[PDB]
Amino acid sequence: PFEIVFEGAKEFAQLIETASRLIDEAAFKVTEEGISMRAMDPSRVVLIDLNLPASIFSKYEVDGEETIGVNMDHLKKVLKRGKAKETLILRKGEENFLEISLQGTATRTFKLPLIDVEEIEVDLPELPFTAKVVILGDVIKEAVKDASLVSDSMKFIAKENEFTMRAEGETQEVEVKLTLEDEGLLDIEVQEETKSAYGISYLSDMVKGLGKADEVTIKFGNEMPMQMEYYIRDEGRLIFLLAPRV
Amino acid sequence: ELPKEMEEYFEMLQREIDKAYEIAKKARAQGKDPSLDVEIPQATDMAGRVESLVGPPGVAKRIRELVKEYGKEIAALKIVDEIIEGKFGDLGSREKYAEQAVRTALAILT
Amino acid sequence: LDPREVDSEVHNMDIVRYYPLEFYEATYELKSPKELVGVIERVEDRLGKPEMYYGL
Amino acid sequence: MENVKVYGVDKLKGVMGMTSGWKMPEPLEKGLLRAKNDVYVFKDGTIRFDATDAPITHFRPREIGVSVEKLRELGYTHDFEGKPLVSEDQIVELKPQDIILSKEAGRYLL
Amino acid sequence: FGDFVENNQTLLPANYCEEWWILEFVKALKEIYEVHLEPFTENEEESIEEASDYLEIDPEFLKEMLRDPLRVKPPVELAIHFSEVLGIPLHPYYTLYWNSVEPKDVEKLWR
């Protein structure tokens, strides 16, 4: 019987599209604290975590807690219908239906039946991250684009006050390097020299849709999984956990 | 006959085959498939394969005895003679007898 | 598995560690392989005995 | 989909028409589970893998990437000269019904 | 050889190789010094010692070369010494394709 309201339905639609670009079935946990989602891709390579606190939503009235599951394709198609200055209201009655209402000049209401999706509680604890890098969306997006242009895998090398991304192909070579003085690197900190390689397809899926004026926090180590995160409304958090090759 | 290693090898192979077959039977017993049992019988020698493929029923022991006594070709010939005369039941017209004899003899030679 | 009823082309395969000197000396005479079937042991020379699966 | 709890499947290919005389169809749950795991089907309802065949009689435990303890668990206890099997550079004799697969075959059979 | 038997193909002359050479070697050893040895197996220590003493070689080398004639080869001088003492053709590893050229070409090359 909960009711949840949001402002700027386009932002929520883009968030859902980014989250669903890698998974097919998702289960959202609704509580008093907020809405949470944690899932893994079919290849068991990338872990996706979504956290939306109650302070973001304009209205948030939940009495209890229950888990709801819905198909990502239908939800994405419905949410893509929203505009940039509309009000999104998600409602769930005593029936097992999810009502999606867009409030603009006229109110449009959609219905989506709930589907029973298996719940597998897996979590990744904190790991020792040797290097922490704060970067903008544009530099990483075009870097991944060039790496896909030349090669199939991307290598991240972080040293003291420097950050480079290399793409080694069969014939061609691409090197992109930037320092703290450049506007691409807002922050940087390195405990020790690190080097790792990751795939491009997963990176291309994750970085697509990122804005130009967006701050992305990238943490990674030596031959151990990379963690990418960025914040929405200064409290909402999306976490990507990508395993390295080999 | 065989030493104390190859016989154990074959026994363990049969043990694994039985382990798989039990689960297959238990799964098929629930009636979610075209049949209520597995549809792949297991053989052990040429006579069993011939009996399962073309028949007629009960020919396995006769084939075994004849190949033990005379040999493969003579055993096939004796099988043809026995089928034509009527050891293995009544089929009907002479066309049935000819077809069955040709099929079984070709299976035995092959 | 029973090698006695698998095929006939596999009954000509060799199971010897090395060829004898007589094979090499008879190659120079342009003989036919049937003239020295008994010199070099094949699979067909072991059928029936228990040692078909044992000492190749 | 409600039966097997598989909802996120994009494509599911079937046939234009059946070729048997019974025209008995297959359960769609099996098709959904095949589409989910990226495997295909054959005319009789089995998944098959084709490969060129080559012979082998003796092998070395290091070529096939298996430990000596695992081989002793399988049943191999000696090498082809009668010595006990204690090393990975010794030559062992293959049993008649033991096969060695490729790595594409292993990837698909996973 | 079974491939030749199955197709009923007349045997072609055999090129000289290490397996033929080792059989000639052991046969000559037995014929001259009355010592019994066999290739591709393990032999008695007494026979190995006798053969090494008669050939003035290292017994470990003899054991290794009789065990694996296809991977262990004697140096060219040792092969020449074996050919001189026992009376066997040269080791096939040091034989060149002498019959791929004409005797007149070899005449010019010799000059």
# chains A, B, ... in the order shown; residues from 1 in each chain; ligands from 1
call {"tool": "residues_around", "arguments": {"residues": "residue 8 of chain C", "least_positions_apart": "2", "cutoff": "12 Å", "atoms": "only C-alpha atoms", "output": "PyMOL selection string"}}
result
(chain B and resi 110) or (chain C and resi 3-6+10-13+42-44+47) or (chain E and resi 2+5-6)
call {"tool": "interface_residues", "arguments": {"of": "chain D", "to": "chain B", "cutoff": "9 Å", "atoms": "only C-alpha atoms", "output": "ChimeraX atom specification"}}
result
/D:24,26-27,75,95
call {"tool": "write_last_selection", "arguments": {"atoms": "N, CA and C atoms", "output": "compact mmCIF listing (two decimals), in the first residue's frame"}}
result
# COMPACT_ATOMS: atom_id res chain seq x y z
N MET D 24 3.67 -34.66 -32.18
CA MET D 24 3.71 -34.36 -30.75
C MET D 24 4.73 -33.26 -30.50
N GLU D 26 7.02 -30.43 -28.04
CA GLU D 26 7.89 -30.40 -26.88
C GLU D 26 7.38 -29.39 -25.86
N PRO D 27 7.59 -29.63 -24.57
CA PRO D 27 7.25 -28.60 -23.58
C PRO D 27 8.07 -27.34 -23.79
N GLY D 75 41.53 -44.88 -11.38
CA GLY D 75 41.83 -46.30 -11.47
C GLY D 75 43.21 -46.62 -12.00
N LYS D 95 42.62 -46.75 -21.34
CA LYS D 95 41.61 -47.79 -21.33
C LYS D 95 40.66 -47.63 -22.52
call {"tool": "interface_residues", "arguments": {"of": "chain E", "to": "chain D", "cutoff": "12 Å", "atoms": "only C-alpha atoms", "output": "compact mmCIF listing (two decimals) with N, CA, C and O atoms, in the first residue's frame"}}
result
# COMPACT_ATOMS: atom_id res chain seq x y z
N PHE E 40 65.49 -49.99 -26.52
CA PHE E 40 64.19 -49.54 -26.02
C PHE E 40 63.79 -50.19 -24.70
O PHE E 40 62.64 -50.07 -24.28
N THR E 41 64.71 -50.88 -24.03
CA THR E 41 64.43 -51.53 -22.75
C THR E 41 65.58 -51.21 -21.80
O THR E 41 66.42 -50.35 -22.06
N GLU E 42 65.60 -51.91 -20.67
CA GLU E 42 66.68 -51.83 -19.69
C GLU E 42 67.43 -53.15 -19.66
O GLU E 42 66.82 -54.22 -19.66
call {"tool": "residues_around", "arguments": {"residues": "residue 45 of chain C", "least_positions_apart": "6", "cutoff": "10 Å", "atoms": "only C-alpha atoms", "output": "PyMOL selection string"}}
result
chain C and resi 11-12+14-15+37-38+52
call {"tool": "interface_residues", "arguments": {"of": "chain C", "to": "chain D", "cutoff": "9 Å", "atoms": "only C-alpha atoms", "output": "ChimeraX atom specification"}}
result
/C:1,53-56
call {"tool": "residues_around", "arguments": {"residues": "residue 10 of chain D", "least_positions_apart": "6", "cutoff": "12 Å", "atoms": "only C-alpha atoms", "output": "list in words"}}
result
residues 24, 25, 71, 72 and 73 of chain A; 32, 35, 36 and 38 of chain D
call {"tool": "atom_distance", "arguments": {"atom1": "atom CA of residue 162 of chain A", "atom2": "atom CA of residue 188 of chain A"}}
result
8.2 Å
call {"tool": "select_by_dssp", "arguments": {"residues": "chain C", "states": "alpha helix (DSSP H)", "output": "ChimeraX atom specification"}}
result
/C:21-27
call {"tool": "interface_residues", "arguments": {"of": "chain E", "to": "chain C", "cutoff": "10 Å", "atoms": "only C-alpha atoms", "output": "VMD selection string"}}
result
chain E and resid 1 to 16 19 to 21 23 to 24 27 39 to 41
call {"tool": "write_last_selection", "arguments": {"atoms": "N, CA, C and O atoms", "output": "mmCIF file, in the first residue's frame"}}
result
data_model
loop_
_atom_site.group_PDB
_atom_site.id
_atom_site.type_symbol
_atom_site.label_atom_id
_atom_site.label_comp_id
_atom_site.auth_asym_id
_atom_site.auth_seq_id
_atom_site.Cartn_x
_atom_site.Cartn_y
_atom_site.Cartn_z
ATOM 1 N N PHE E 1 52.654 -49.658 -40.577
ATOM 2 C CA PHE E 1 52.709 -50.851 -41.415
ATOM 3 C C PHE E 1 51.314 -51.413 -41.670
ATOM 4 O O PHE E 1 51.035 -51.935 -42.757
ATOM 5 N N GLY E 2 50.422 -51.306 -40.683
ATOM 6 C CA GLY E 2 49.056 -51.753 -40.877
ATOM 7 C C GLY E 2 48.317 -50.967 -41.941
ATOM 8 O O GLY E 2 47.390 -51.484 -42.567
ATOM 9 N N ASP E 3 48.710 -49.711 -42.158
ATOM 10 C CA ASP E 3 48.138 -48.936 -43.254
ATOM 11 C C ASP E 3 48.531 -49.525 -44.602
ATOM 12 O O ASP E 3 47.745 -49.488 -45.554
ATOM 13 N N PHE E 4 49.749 -50.057 -44.702
ATOM 14 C CA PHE E 4 50.167 -50.731 -45.924
ATOM 15 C C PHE E 4 49.464 -52.073 -46.080
ATOM 16 O O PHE E 4 49.100 -52.462 -47.195
ATOM 17 N N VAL E 5 49.273 -52.799 -44.975
ATOM 18 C CA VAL E 5 48.594 -54.094 -45.044
ATOM 19 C C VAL E 5 47.137 -53.924 -45.459
ATOM 20 O O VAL E 5 46.619 -54.686 -46.285
ATOM 21 N N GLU E 6 46.449 -52.934 -44.885
ATOM 22 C CA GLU E 6 45.023 -52.768 -45.148
ATOM 23 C C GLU E 6 44.754 -52.449 -46.613
ATOM 24 O O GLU E 6 43.825 -52.998 -47.216
ATOM 25 N N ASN E 7 45.556 -51.570 -47.207
ATOM 26 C CA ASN E 7 45.350 -51.146 -48.583
ATOM 27 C C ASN E 7 46.039 -52.047 -49.596
ATOM 28 O O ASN E 7 45.884 -51.824 -50.801
ATOM 29 N N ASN E 8 46.789 -53.051 -49.140
ATOM 30 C CA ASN E 8 47.500 -53.985 -50.011
ATOM 31 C C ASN E 8 48.439 -53.236 -50.960
ATOM 32 O O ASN E 8 48.372 -53.365 -52.184
ATOM 33 N N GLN E 9 49.324 -52.444 -50.365
ATOM 34 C CA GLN E 9 50.278 -51.628 -51.101
ATOM 35 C C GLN E 9 51.665 -52.240 -50.976
ATOM 36 O O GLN E 9 52.106 -52.565 -49.870
ATOM 37 N N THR E 10 52.343 -52.399 -52.111
ATOM 38 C CA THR E 10 53.675 -52.987 -52.117
ATOM 39 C C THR E 10 54.636 -52.145 -51.289
ATOM 40 O O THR E 10 54.631 -50.914 -51.361
ATOM 41 N N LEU E 11 55.463 -52.821 -50.493
ATOM 42 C CA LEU E 11 56.405 -52.126 -49.629
ATOM 43 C C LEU E 11 57.415 -51.339 -50.455
ATOM 44 O O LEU E 11 58.010 -51.865 -51.398
ATOM 45 N N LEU E 12 57.600 -50.076 -50.098
ATOM 46 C CA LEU E 12 58.592 -49.192 -50.687
ATOM 47 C C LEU E 12 59.909 -49.304 -49.927
ATOM 48 O O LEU E 12 59.916 -49.632 -48.737
ATOM 49 N N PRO E 13 61.041 -49.058 -50.584
ATOM 50 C CA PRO E 13 62.327 -49.133 -49.880
ATOM 51 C C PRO E 13 62.384 -48.157 -48.713
ATOM 52 O O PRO E 13 61.877 -47.035 -48.789
ATOM 53 N N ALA E 14 63.015 -48.597 -47.630
ATOM 54 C CA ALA E 14 63.029 -47.851 -46.380
ATOM 55 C C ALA E 14 64.235 -46.924 -46.324
ATOM 56 O O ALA E 14 65.358 -47.335 -46.622
ATOM 57 N N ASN E 15 63.992 -45.674 -45.944
ATOM 58 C CA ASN E 15 65.071 -44.729 -45.712
ATOM 59 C C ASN E 15 65.811 -45.082 -44.427
ATOM 60 O O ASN E 15 65.225 -45.583 -43.465
ATOM 61 N N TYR E 16 67.115 -44.821 -44.418
ATOM 62 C CA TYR E 16 67.931 -45.140 -43.256
ATOM 63 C C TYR E 16 67.572 -44.235 -42.083
ATOM 64 O O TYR E 16 67.431 -43.019 -42.237
ATOM 65 N N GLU E 19 66.409 -46.233 -35.818
ATOM 66 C CA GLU E 19 65.940 -47.531 -35.345
ATOM 67 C C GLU E 19 66.606 -48.684 -36.088
ATOM 68 O O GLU E 19 66.888 -49.724 -35.485
ATOM 69 N N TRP E 20 66.847 -48.530 -37.390
ATOM 70 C CA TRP E 20 67.614 -49.523 -38.138
ATOM 71 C C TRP E 20 69.071 -49.548 -37.679
ATOM 72 O O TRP E 20 69.674 -50.623 -37.530
ATOM 73 N N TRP E 21 69.643 -48.365 -37.438
ATOM 74 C CA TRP E 21 71.039 -48.274 -37.030
ATOM 75 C C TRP E 21 71.273 -48.939 -35.682
ATOM 76 O O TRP E 21 72.303 -49.583 -35.478
ATOM 77 N N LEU E 23 69.624 -51.438 -34.323
ATOM 78 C CA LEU E 23 69.586 -52.885 -34.502
ATOM 79 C C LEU E 23 70.877 -53.396 -35.126
ATOM 80 O O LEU E 23 71.424 -54.417 -34.690
ATOM 81 N N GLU E 24 71.387 -52.694 -36.142
ATOM 82 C CA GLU E 24 72.678 -53.077 -36.710
ATOM 83 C C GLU E 24 73.786 -52.992 -35.666
ATOM 84 O O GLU E 24 74.669 -53.857 -35.608
ATOM 85 N N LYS E 27 73.462 -55.940 -33.199
ATOM 86 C CA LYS E 27 73.808 -57.185 -33.875
ATOM 87 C C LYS E 27 75.313 -57.311 -34.065
ATOM 88 O O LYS E 27 75.886 -58.379 -33.830
ATOM 89 N N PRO E 39 67.558 -52.817 -27.572
ATOM 90 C CA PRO E 39 67.158 -51.411 -27.513
ATOM 91 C C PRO E 39 65.754 -51.227 -26.952
ATOM 92 O O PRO E 39 64.943 -52.155 -26.900
ATOM 93 N N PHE E 40 65.490 -49.994 -26.516
ATOM 94 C CA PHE E 40 64.191 -49.544 -26.023
ATOM 95 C C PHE E 40 63.793 -50.193 -24.702
ATOM 96 O O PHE E 40 62.641 -50.071 -24.277
ATOM 97 N N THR E 41 64.715 -50.882 -24.032
ATOM 98 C CA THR E 41 64.434 -51.525 -22.751
ATOM 99 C C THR E 41 65.578 -51.210 -21.795
ATOM 100 O O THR E 41 66.420 -50.348 -22.063
#
call {"tool": "interface_residues", "arguments": {"of": "chain D", "to": "chain A", "cutoff": "8 Å", "atoms": "only C-alpha atoms", "output": "ChimeraX atom specification"}}
result
/D:5,7-9
call {"tool": "atom_distance", "arguments": {"atom1": "atom CA of residue 87 of chain B", "atom2": "atom CA of residue 103 of chain B"}}
result
16.4 Å
call {"tool": "residues_around", "arguments": {"residues": "residue 74 of chain E", "least_positions_apart": "5", "cutoff": "10 Å", "atoms": "only C-alpha atoms", "output": "PyMOL selection string"}}
result
chain E and resi 61-62+65+69+79-80+82+91+93
call {"tool": "write_last_selection", "arguments": {"atoms": "N, CA, C and O atoms", "output": "mmCIF file, in the first residue's frame"}}
result
data_model
loop_
_atom_site.group_PDB
_atom_site.id
_atom_site.type_symbol
_atom_site.label_atom_id
_atom_site.label_comp_id
_atom_site.auth_asym_id
_atom_site.auth_seq_id
_atom_site.Cartn_x
_atom_site.Cartn_y
_atom_site.Cartn_z
ATOM 1 N N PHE E 61 76.300 -43.179 -20.803
ATOM 2 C CA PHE E 61 75.970 -42.805 -22.173
ATOM 3 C C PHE E 61 75.418 -43.991 -22.951
ATOM 4 O O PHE E 61 74.459 -43.848 -23.718
ATOM 5 N N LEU E 62 76.021 -45.170 -22.779
ATOM 6 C CA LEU E 62 75.529 -46.359 -23.464
ATOM 7 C C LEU E 62 74.108 -46.693 -23.031
ATOM 8 O O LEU E 62 73.251 -46.999 -23.869
ATOM 9 N N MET E 65 71.709 -44.102 -24.593
ATOM 10 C CA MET E 65 71.517 -44.199 -26.037
ATOM 11 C C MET E 65 70.785 -45.479 -26.419
ATOM 12 O O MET E 65 70.033 -45.489 -27.399
ATOM 13 N N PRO E 69 67.215 -44.272 -28.516
ATOM 14 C CA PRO E 69 68.028 -43.991 -29.710
ATOM 15 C C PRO E 69 67.521 -42.829 -30.546
ATOM 16 O O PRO E 69 68.301 -42.263 -31.321
ATOM 17 N N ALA E 79 80.577 -41.536 -33.645
ATOM 18 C CA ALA E 79 79.926 -42.335 -34.678
ATOM 19 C C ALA E 79 80.944 -42.905 -35.656
ATOM 20 O O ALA E 79 80.847 -44.071 -36.058
ATOM 21 N N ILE E 80 81.929 -42.097 -36.052
ATOM 22 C CA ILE E 80 82.979 -42.589 -36.941
ATOM 23 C C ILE E 80 83.772 -43.703 -36.266
ATOM 24 O O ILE E 80 84.125 -44.706 -36.897
ATOM 25 N N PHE E 82 82.669 -45.768 -33.944
ATOM 26 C CA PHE E 82 81.810 -46.948 -33.955
ATOM 27 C C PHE E 82 81.830 -47.630 -35.316
ATOM 28 O O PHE E 82 81.924 -48.859 -35.403
ATOM 29 N N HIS E 91 76.114 -43.188 -38.861
ATOM 30 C CA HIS E 91 74.867 -42.813 -38.213
ATOM 31 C C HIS E 91 74.028 -41.975 -39.172
ATOM 32 O O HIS E 91 74.563 -41.073 -39.828
ATOM 33 N N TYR E 93 72.120 -39.535 -38.865
ATOM 34 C CA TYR E 93 72.042 -38.100 -38.618
ATOM 35 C C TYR E 93 73.112 -37.333 -39.381
ATOM 36 O O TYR E 93 72.889 -36.181 -39.767
#
call {"tool": "interface_residues", "arguments": {"of": "chain B", "to": "chain C", "cutoff": "9 Å", "atoms": "only C-alpha atoms", "output": "list in words"}}
result
residues 1, 2, 3, 6, 44, 45 and 46 of chain B
call {"tool": "closest_residue", "arguments": {"among": "B:14, B:56, B:75, B:43", "to": "residue 101 of chain B", "atoms": "only C-alpha atoms"}}
result
B:56
call {"tool": "select_by_dssp", "arguments": {"residues": "chain D", "states": "strand (DSSP E or B)", "output": "PyMOL selection string"}}
result
chain D and resi 58-59+78+84+92-93
call {"tool": "residues_around", "arguments": {"residues": "residue 91 of chain A", "least_positions_apart": "3", "cutoff": "9 Å", "atoms": "only C-alpha atoms", "output": "VMD selection string"}}
result
chain A and resid 1 to 5 97 to 101
call {"tool": "residues_around", "arguments": {"residues": "residue 33 of chain E", "least_positions_apart": "5", "cutoff": "12 Å", "atoms": "only C-alpha atoms", "output": "list in words"}}
result
residues 25, 26, 27, 28, 47, 50, 51, 52, 53, 54, 55, 85 and 86 of chain E
